[PDB]
Amino acid sequence: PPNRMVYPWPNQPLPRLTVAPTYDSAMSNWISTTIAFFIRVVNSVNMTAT
Amino acid sequence: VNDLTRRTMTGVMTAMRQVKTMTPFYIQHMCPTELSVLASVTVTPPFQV
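Let us look at the structure shown here.

Reading the values: the criteria
- Residues numbered from 1 in each chain as written, not as in the entry; some residues may be left out.
- Chains lettered and ligands numbered in written order.
- Part of a larger assembly, values for the part shown.
- Heavy atoms only, no water.
- Helix = DSSP H or I, 4+ residues; strand = E, 2+ residues; numbered from the N terminus.
- Buried < 20%, exposed > 50% of the residue type's maximum accessible area, 1.4 Å probe, protein only.
- Areas by Shrake-Rupley, 256 points an atom, 1.4 Å probe, with all protein chains shown as cover.
- 1 Å grid on protein atoms, 1.4 Å probe; cavity = no way out; pocket = protein on both sides within 12 Å on 5 of 7 lines; lining within 4 Å.
- Points joined across faces, edges and corners; volume = space filled by probe spheres on them.
- Nonpolar A, V, L, I, M, F, W, Y, C, P; charged D, E, K, R; others polar.
- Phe/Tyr/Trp six-rings, centres within 6.5 Å; stacked < 30°, edge-to-face > 60°.
- Patch = residues over 30% accessible without salt bridge, like charges linked within 9 Å, V, L, I, M, F, W, Y side chains within 5 Å.
- Salt bridge = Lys/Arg side-chain N within 4 Å of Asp/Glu carboxyl O.
- Contact = heavy atoms within 4.5 Å.

Turning our eyes to something else, we now look at the overall build of chain B. Counting secondary structure elements, chain B contains three helices and zero strands. With 49 residues in all, chain B has 6% of them scored as buried. Working note: accessible area of chain B is about 4900 Å², and carbon and sulfur atoms make up 67% of it.

In structure tokens form, the structure reads like this:
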């Protein structure tokens, strides 16, 4: 629809006061879970044997 | 045998068991065909028991 754009990630309006790093954004969540999974992989039995 | 080495030995043996080689498949499925064809080519036919 005219004057609209789509965006692969969730989005928010521009913040009001100063910015700062946060940890509840979609990307941050994606990062944390991904790392958590691979850590689980590394500790799996398949790695331990070798 | 010191366990560190003992740990190493079982490790390297495990690695060998995990290699995704193609040979076992070839033996079971493809090698027989090659023999069956070549049997008609050699100057001496196969002689088996």
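So, about the layout of surface pockets. All names here are of chain A. In this structure, the largest pocket encloses a volume near 300 Å³. Around the largest pocket sit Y7, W9, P10, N11, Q12, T22, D24, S25, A26 and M27, which together line it. Looking at the lining of the largest pocket residue by residue, the class counts come to five nonpolar, four polar and one charged.

The next subject is the packing of aromatic side chains. As enumerated under the stated definition, the model contains one aromatic pair over all chains in all. Measuring from ring centre to ring centre gives 5.8 Å for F37(A) and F38(A), while their planes differ by 85°; the resulting arrangement is edge-to-face.

What follows is about a nonpolar patch on the surface. All names here are of chain A. Where nonpolar side chains cluster on the molecular surface, the patch consists of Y7, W9, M27, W30, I31, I35 and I39 and spans about 810 Å² of accessible area. If you trace the backbone, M27 turns up in helix α1 (residues 26-42). The class of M27 is partly exposed, set by a relative accessible area of 46%.

In this section: the side chain of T14(B). Looking at the secondary structure, you find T14(B) in helix α1 (residues 3-18). Using a relative accessible area of 17% as the deciding quantity, one classes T14(B) as buried. Excluding anything up to four places from it in sequence, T14(B) contacts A49(A) and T50(A).

Here we come to the environment of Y26(B). All names here are of chain B. With respect to the helices and strands, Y26 occurs in helix α2 (residues 23-29). Under the relative-accessibility criterion, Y26 is labelled partly exposed at 25%. Spatially, the C-alpha atoms of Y26 and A15 are 21 Å apart, while their sequence positions differ by 11 residues. When sequence neighbours within four positions are dropped, the list of residues in contact with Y26 reads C31, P32 and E34.

Turning to unusual backbone geometry, a few remarks are in order. The backbone phi angle of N3(A) is positive, close to 65°, even though this residue is not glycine. Within the secondary structure, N3(A) is located in the segment before α1.

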